[PDB]
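Novice: If it helps, the file is called target.txt and holds compact mmCIF, C-alpha atoms and all ligand atoms:
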# COMPACT_ATOMS: atom_id res chain seq x y z
CA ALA L 1 -60.14 -5.28 21.65
CA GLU L 2 -56.47 -6.17 20.96
CA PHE L 3 -54.78 -6.91 24.28
CA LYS L 4 -51.01 -6.72 24.72
CA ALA L 5 -49.27 -7.35 28.02
CA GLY L 6 -48.10 -4.20 29.79
CA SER L 7 -47.00 -3.31 33.31
CA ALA L 8 -48.70 -5.06 36.23
CA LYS L 9 -47.09 -2.57 38.63
CA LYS L 10 -49.03 0.26 36.98
CA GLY L 11 -52.04 -2.03 36.63
CA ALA L 12 -52.09 -2.63 40.37
CA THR L 13 -52.16 1.13 40.92
CA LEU L 14 -55.01 1.45 38.42
CA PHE L 15 -56.92 -1.31 40.22
CA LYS L 16 -56.60 0.41 43.61
CA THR L 17 -57.78 3.78 42.27
CA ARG L 18 -60.44 2.61 39.78
CA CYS L 19 -61.70 -0.83 40.82
CA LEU L 20 -60.97 -1.72 44.43
CA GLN L 21 -63.79 0.48 45.74
CA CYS L 22 -66.21 -2.11 44.34
CA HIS L 23 -64.15 -5.31 43.87
CA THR L 24 -61.73 -7.67 45.60
CA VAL L 25 -59.48 -10.11 43.77
CA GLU L 26 -58.35 -12.82 46.22
CA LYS L 27 -60.01 -16.20 46.52
CA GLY L 28 -62.50 -15.92 49.37
CA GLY L 29 -62.39 -12.12 49.28
CA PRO L 30 -65.61 -10.30 50.10
CA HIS L 31 -68.11 -9.02 47.62
CA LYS L 32 -68.53 -5.25 47.80
CA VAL L 33 -71.10 -3.43 45.69
CA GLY L 34 -69.48 -5.45 42.88
CA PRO L 35 -68.47 -9.12 42.83
CA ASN L 36 -65.21 -10.61 44.00
CA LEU L 37 -63.25 -11.27 40.82
CA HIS L 38 -61.18 -14.35 41.66
CA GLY L 39 -61.20 -16.78 38.72
CA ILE L 40 -62.89 -14.23 36.44
CA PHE L 41 -60.85 -15.09 33.34
CA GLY L 42 -62.07 -18.16 31.48
CA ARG L 43 -65.46 -18.07 33.22
CA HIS L 44 -68.87 -17.01 31.93
CA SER L 45 -70.26 -13.69 33.15
CA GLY L 46 -72.57 -13.64 36.15
CA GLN L 47 -70.97 -16.58 37.94
CA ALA L 48 -69.21 -15.22 41.03
CA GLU L 49 -70.63 -17.43 43.81
CA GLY L 50 -72.81 -15.62 46.32
CA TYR L 51 -73.29 -12.47 44.22
CA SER L 52 -76.60 -11.38 42.69
CA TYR L 53 -76.25 -9.86 39.20
CA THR L 54 -78.52 -7.83 36.96
CA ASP L 55 -80.44 -9.61 34.21
CA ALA L 56 -78.21 -7.70 31.77
CA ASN L 57 -74.95 -9.06 33.21
CA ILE L 58 -76.34 -12.60 33.23
CA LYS L 59 -77.82 -12.51 29.72
CA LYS L 60 -74.63 -11.22 28.10
CA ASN L 61 -73.21 -14.71 28.83
CA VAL L 62 -69.71 -13.73 27.72
CA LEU L 63 -66.75 -16.05 28.37
CA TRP L 64 -64.28 -13.54 29.76
CA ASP L 65 -60.87 -13.19 28.04
CA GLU L 66 -58.35 -10.37 27.70
CA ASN L 67 -59.92 -8.91 24.56
CA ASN L 68 -63.61 -8.80 25.48
CA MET L 69 -62.56 -7.58 28.92
CA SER L 70 -60.73 -4.68 27.29
CA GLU L 71 -63.83 -3.80 25.25
CA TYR L 72 -66.05 -4.13 28.32
CA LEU L 73 -63.83 -1.95 30.52
CA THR L 74 -63.74 0.80 27.88
CA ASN L 75 -67.45 1.45 28.54
CA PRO L 76 -69.29 -1.26 30.50
CA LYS L 77 -72.77 0.10 29.85
CA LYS L 78 -72.08 0.17 26.11
CA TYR L 79 -70.96 -3.48 26.07
CA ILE L 80 -73.66 -4.66 28.50
CA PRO L 81 -76.65 -2.28 28.18
CA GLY L 82 -78.52 -2.19 31.45
CA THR L 83 -75.64 -3.15 33.72
CA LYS L 84 -75.84 -1.13 36.93
CA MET L 85 -72.75 0.47 38.48
CA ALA L 86 -71.38 3.93 39.33
CA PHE L 87 -68.40 3.29 37.06
CA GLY L 88 -67.78 5.06 33.75
CA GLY L 89 -64.92 3.16 32.13
CA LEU L 90 -61.17 3.08 31.45
CA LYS L 91 -61.02 5.00 28.18
CA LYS L 92 -57.27 4.56 27.50
CA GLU L 93 -56.15 1.34 25.76
CA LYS L 94 -52.79 1.54 27.53
CA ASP L 95 -54.47 1.66 30.96
CA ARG L 96 -56.64 -1.34 30.08
CA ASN L 97 -53.60 -3.33 28.98
CA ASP L 98 -51.81 -2.52 32.24
CA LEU L 99 -54.88 -3.21 34.36
CA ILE L 100 -55.63 -6.52 32.65
CA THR L 101 -51.98 -7.55 32.90
CA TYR L 102 -52.27 -7.13 36.68
CA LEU L 103 -55.78 -8.58 36.96
CA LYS L 104 -54.83 -11.79 35.11
CA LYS L 105 -52.22 -12.53 37.76
CA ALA L 106 -54.13 -11.14 40.74
CA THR L 107 -57.28 -13.19 40.13
CA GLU L 108 -55.42 -16.40 39.14
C1 LIG L 201 -68.35 0.61 41.59
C2 LIG L 201 -68.67 2.06 41.20
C3 LIG L 201 -67.59 -0.29 40.57
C4 LIG L 201 -66.38 0.00 40.05
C5 LIG L 201 -65.46 1.15 40.52
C6 LIG L 201 -65.90 -1.16 39.33
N1 LIG L 201 -66.94 -2.07 39.23
FE1 LIG L 201 -66.89 -3.74 38.03
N2 LIG L 201 -68.88 -4.15 38.63
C7 LIG L 201 -69.63 -3.37 39.50
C8 LIG L 201 -70.95 -3.96 39.62
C9 LIG L 201 -72.11 -3.42 40.49
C10 LIG L 201 -70.94 -5.20 38.74
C11 LIG L 201 -72.10 -6.17 38.45
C12 LIG L 201 -73.02 -5.39 37.51
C13 LIG L 201 -74.30 -6.11 37.15
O1 LIG L 201 -74.92 -5.74 36.13
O2 LIG L 201 -74.71 -7.03 37.88
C14 LIG L 201 -69.61 -5.22 38.15
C15 LIG L 201 -69.15 -6.17 37.27
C16 LIG L 201 -67.86 -6.33 36.84
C17 LIG L 201 -67.40 -7.46 36.05
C18 LIG L 201 -68.29 -8.63 35.54
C19 LIG L 201 -68.26 -9.76 36.56
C20 LIG L 201 -68.90 -11.04 36.03
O3 LIG L 201 -69.41 -11.07 34.89
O4 LIG L 201 -68.90 -12.05 36.79
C21 LIG L 201 -66.09 -7.29 35.83
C22 LIG L 201 -65.17 -8.22 35.03
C23 LIG L 201 -65.67 -6.06 36.48
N3 LIG L 201 -66.78 -5.49 37.09
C24 LIG L 201 -64.39 -5.53 36.48
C25 LIG L 201 -64.05 -4.26 36.95
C26 LIG L 201 -62.80 -3.54 36.72
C27 LIG L 201 -61.61 -4.22 36.02
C28 LIG L 201 -62.86 -2.37 37.37
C29 LIG L 201 -61.81 -1.23 37.46
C30 LIG L 201 -61.26 -0.88 36.06
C31 LIG L 201 -64.20 -2.28 37.94
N4 LIG L 201 -64.87 -3.44 37.66
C32 LIG L 201 -64.68 -1.24 38.71
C33 LIG L 201 -69.21 -2.23 40.16
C34 LIG L 201 -67.99 -1.58 39.99
Represent the structure from my file as structure tokens, please.
Ligand code: HEC

Specialist:
Amino acid sequence: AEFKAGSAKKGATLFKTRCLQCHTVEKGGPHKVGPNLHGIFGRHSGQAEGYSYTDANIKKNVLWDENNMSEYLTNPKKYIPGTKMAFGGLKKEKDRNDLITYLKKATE
């Protein structure tokens, strides 16, 4: 919603414990159950090469930035009804800020 840069060190810890099970961040990194996230910021949803998305994730057609990413991560199935994942969200604004601060660098 209203992103402010936090701590990437904490964000990296949050990524490992809440995201890495399903996602990688490096260029060329493997898809897991979820897509590799390199280049995610500034790109339209559904466009990781080699990954097959749900209709819901494609049709949202959101151009990812820090703010819509923070809303999405709060509750992905609320922001994209019908998206499929065994992930329930990062409810704390401070965690999202830290995570996104790391992710912006890690996927760059
Ligand atoms: C497994 C239980 C997952 C966890 C943990 C995380 N993600 Fe996820 N993610 C997962 C799937 C199966 C998908 C595609 C869903 C679909 O409907 O096709 C996603 C998608 C994303 C996206 C969108 C990618 C795009 O539009 O190209 C993003 C930005 C994303 N995931 C980020 C993300 C973060 C930051 C996580 C930890 C807080 C996280 N995911 C965990 C599966 C799973």

Novice: Could you pull out the residues sitting within 8 Å of ligand LIG 201 (chain L), using all atoms listed in the file, and write them as a PDB file with C-alpha atoms, in the frame of the given file?

Specialist:
ATOM      1  CA  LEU L  14     -55.010   1.450  38.420  1.00  0.00           C
ATOM      2  CA  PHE L  15     -56.920  -1.310  40.220  1.00  0.00           C
ATOM      3  CA  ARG L  18     -60.440   2.610  39.780  1.00  0.00           C
ATOM      4  CA  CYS L  19     -61.700  -0.830  40.820  1.00  0.00           C
ATOM      5  CA  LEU L  20     -60.970  -1.720  44.430  1.00  0.00           C
ATOM      6  CA  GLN L  21     -63.790   0.480  45.740  1.00  0.00           C
ATOM      7  CA  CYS L  22     -66.210  -2.110  44.340  1.00  0.00           C
ATOM      8  CA  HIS L  23     -64.150  -5.310  43.870  1.00  0.00           C
ATOM      9  CA  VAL L  33     -71.100  -3.430  45.690  1.00  0.00           C
ATOM     10  CA  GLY L  34     -69.480  -5.450  42.880  1.00  0.00           C
ATOM     11  CA  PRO L  35     -68.470  -9.120  42.830  1.00  0.00           C
ATOM     12  CA  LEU L  37     -63.250 -11.270  40.820  1.00  0.00           C
ATOM     13  CA  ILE L  40     -62.890 -14.230  36.440  1.00  0.00           C
ATOM     14  CA  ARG L  43     -65.460 -18.070  33.220  1.00  0.00           C
ATOM     15  CA  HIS L  44     -68.870 -17.010  31.930  1.00  0.00           C
ATOM     16  CA  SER L  45     -70.260 -13.690  33.150  1.00  0.00           C
ATOM     17  CA  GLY L  46     -72.570 -13.640  36.150  1.00  0.00           C
ATOM     18  CA  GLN L  47     -70.970 -16.580  37.940  1.00  0.00           C
ATOM     19  CA  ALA L  48     -69.210 -15.220  41.030  1.00  0.00           C
ATOM     20  CA  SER L  52     -76.600 -11.380  42.690  1.00  0.00           C
ATOM     21  CA  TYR L  53     -76.250  -9.860  39.200  1.00  0.00           C
ATOM     22  CA  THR L  54     -78.520  -7.830  36.960  1.00  0.00           C
ATOM     23  CA  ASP L  55     -80.440  -9.610  34.210  1.00  0.00           C
ATOM     24  CA  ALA L  56     -78.210  -7.700  31.770  1.00  0.00           C
ATOM     25  CA  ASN L  57     -74.950  -9.060  33.210  1.00  0.00           C
ATOM     26  CA  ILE L  58     -76.340 -12.600  33.230  1.00  0.00           C
ATOM     27  CA  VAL L  62     -69.710 -13.730  27.720  1.00  0.00           C
ATOM     28  CA  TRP L  64     -64.280 -13.540  29.760  1.00  0.00           C
ATOM     29  CA  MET L  69     -62.560  -7.580  28.920  1.00  0.00           C
ATOM     30  CA  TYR L  72     -66.050  -4.130  28.320  1.00  0.00           C
ATOM     31  CA  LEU L  73     -63.830  -1.950  30.520  1.00  0.00           C
ATOM     32  CA  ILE L  80     -73.660  -4.660  28.500  1.00  0.00           C
ATOM     33  CA  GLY L  82     -78.520  -2.190  31.450  1.00  0.00           C
ATOM     34  CA  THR L  83     -75.640  -3.150  33.720  1.00  0.00           C
ATOM     35  CA  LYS L  84     -75.840  -1.130  36.930  1.00  0.00           C
ATOM     36  CA  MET L  85     -72.750   0.470  38.480  1.00  0.00           C
ATOM     37  CA  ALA L  86     -71.380   3.930  39.330  1.00  0.00           C
ATOM     38  CA  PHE L  87     -68.400   3.290  37.060  1.00  0.00           C
ATOM     39  CA  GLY L  89     -64.920   3.160  32.130  1.00  0.00           C
ATOM     40  CA  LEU L  90     -61.170   3.080  31.450  1.00  0.00           C
ATOM     41  CA  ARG L  96     -56.640  -1.340  30.080  1.00  0.00           C
ATOM     42  CA  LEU L  99     -54.880  -3.210  34.360  1.00  0.00           C
ATOM     43  CA  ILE L 100     -55.630  -6.520  32.650  1.00  0.00           C
ATOM     44  CA  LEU L 103     -55.780  -8.580  36.960  1.00  0.00           C
TER      45      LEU L 103
END

Novice: Just the number, please: distance in Å from atom CA of residue 65 of chain L to atom CA of residue 10 of chain L, one decimal.

Specialist: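 Those two atoms sit 20.0 Å apart.
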
Novice: Can you list, as a PyMOL selection string, every protein, DNA or RNA residue that comes within 9 Å of residue 3 of chain L when you count all atoms listed in the file, leaving out same-chain residues fewer than 4 positions away?

Specialist: chain L and resi 66-67+70+93+96-97+100

Novice: Would you put the residues from that selection into a file with C-alpha atoms, as a PDB file, keeping the file's coordinate frame?

Specialist:
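The file below, selection.pdb, is the result:
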ATOM      1  CA  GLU L  66     -58.350 -10.370  27.700  1.00  0.00           C
ATOM      2  CA  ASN L  67     -59.920  -8.910  24.560  1.00  0.00           C
ATOM      3  CA  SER L  70     -60.730  -4.680  27.290  1.00  0.00           C
ATOM      4  CA  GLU L  93     -56.150   1.340  25.760  1.00  0.00           C
ATOM      5  CA  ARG L  96     -56.640  -1.340  30.080  1.00  0.00           C
ATOM      6  CA  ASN L  97     -53.600  -3.330  28.980  1.00  0.00           C
ATOM      7  CA  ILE L 100     -55.630  -6.520  32.650  1.00  0.00           C
TER       8      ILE L 100
END

Novice: Quick one, how far is atom CA of residue 30 of chain L from atom CA of residue 4 of chain L?

Specialist: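 It comes out at 29.5 Å.
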
Novice: Mind pulling up the distance from atom CA of residue 42 of chain L to atom CA of residue 29 of chain L?

Specialist: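 The value is 18.8 Å.
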
Novice: Excluding same-chain residues fewer than 6 positions from residue 28 of chain L, what lies within 10 Å of it counting only C-alpha atoms, as a list in words?

Specialist: residues 36, 37, 38 and 49 of chain L

Novice: Please determine, counting only C-alpha atoms, which residue among L:74, L:107, L:101, L:24 has the shortest atom-to-atom distance to residue 11 of chain L.

Specialist: L:101

Novice: Find, counting all atoms listed in the file, the residue in L:41, L:9, L:108, L:94 that gets nearest to residue 68 of chain L.

Specialist: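 Going through L:41, L:9, L:108, L:94 one by one, the smallest distance to residue 68 of chain L is for L:41.
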
Novice: Could you add N, CA, C and O atoms to segment 56-68 of chain L and give me the result as a compact mmCIF listing (two decimals), keeping the file's coordinate frame?

Specialist:
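result17.txt, freshly written:
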# COMPACT_ATOMS: atom_id res chain seq x y z
N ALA L 56 -79.07 -8.07 32.89
CA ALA L 56 -78.21 -7.70 31.77
C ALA L 56 -76.86 -8.41 31.87
O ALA L 56 -76.36 -8.95 30.87
N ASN L 57 -76.26 -8.42 33.06
CA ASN L 57 -74.95 -9.06 33.21
C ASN L 57 -75.06 -10.56 33.01
O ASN L 57 -74.15 -11.18 32.46
N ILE L 58 -76.17 -11.16 33.42
CA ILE L 58 -76.34 -12.60 33.23
C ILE L 58 -76.55 -12.92 31.75
O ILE L 58 -75.97 -13.87 31.21
N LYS L 59 -77.42 -12.15 31.08
CA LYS L 59 -77.82 -12.51 29.72
C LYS L 59 -76.72 -12.28 28.70
O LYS L 59 -76.72 -12.92 27.65
N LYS L 60 -75.75 -11.41 29.01
CA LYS L 60 -74.63 -11.22 28.10
C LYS L 60 -73.92 -12.54 27.86
O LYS L 60 -73.53 -12.84 26.73
N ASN L 61 -73.81 -13.37 28.90
CA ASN L 61 -73.21 -14.71 28.83
C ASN L 61 -71.90 -14.71 28.05
O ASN L 61 -71.71 -15.49 27.12
N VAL L 62 -70.99 -13.82 28.41
CA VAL L 62 -69.71 -13.73 27.72
C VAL L 62 -68.68 -14.54 28.50
O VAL L 62 -68.63 -14.47 29.74
N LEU L 63 -67.87 -15.31 27.79
CA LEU L 63 -66.75 -16.05 28.37
C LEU L 63 -65.56 -15.10 28.42
O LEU L 63 -64.98 -14.77 27.38
N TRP L 64 -65.21 -14.65 29.61
CA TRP L 64 -64.28 -13.54 29.76
C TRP L 64 -62.86 -13.92 29.30
O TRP L 64 -62.31 -14.94 29.73
N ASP L 65 -62.28 -13.10 28.40
CA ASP L 65 -60.87 -13.19 28.04
C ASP L 65 -60.29 -11.78 28.01
O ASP L 65 -60.98 -10.80 28.34
N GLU L 66 -59.02 -11.66 27.63
CA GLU L 66 -58.35 -10.37 27.70
C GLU L 66 -58.99 -9.36 26.75
O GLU L 66 -59.07 -8.17 27.06
N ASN L 67 -59.43 -9.83 25.58
CA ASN L 67 -59.92 -8.91 24.56
C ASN L 67 -61.34 -8.43 24.84
O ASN L 67 -61.61 -7.22 24.77
N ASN L 68 -62.28 -9.32 25.19
CA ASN L 68 -63.61 -8.80 25.48
C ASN L 68 -63.62 -8.04 26.80
O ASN L 68 -64.41 -7.10 26.97
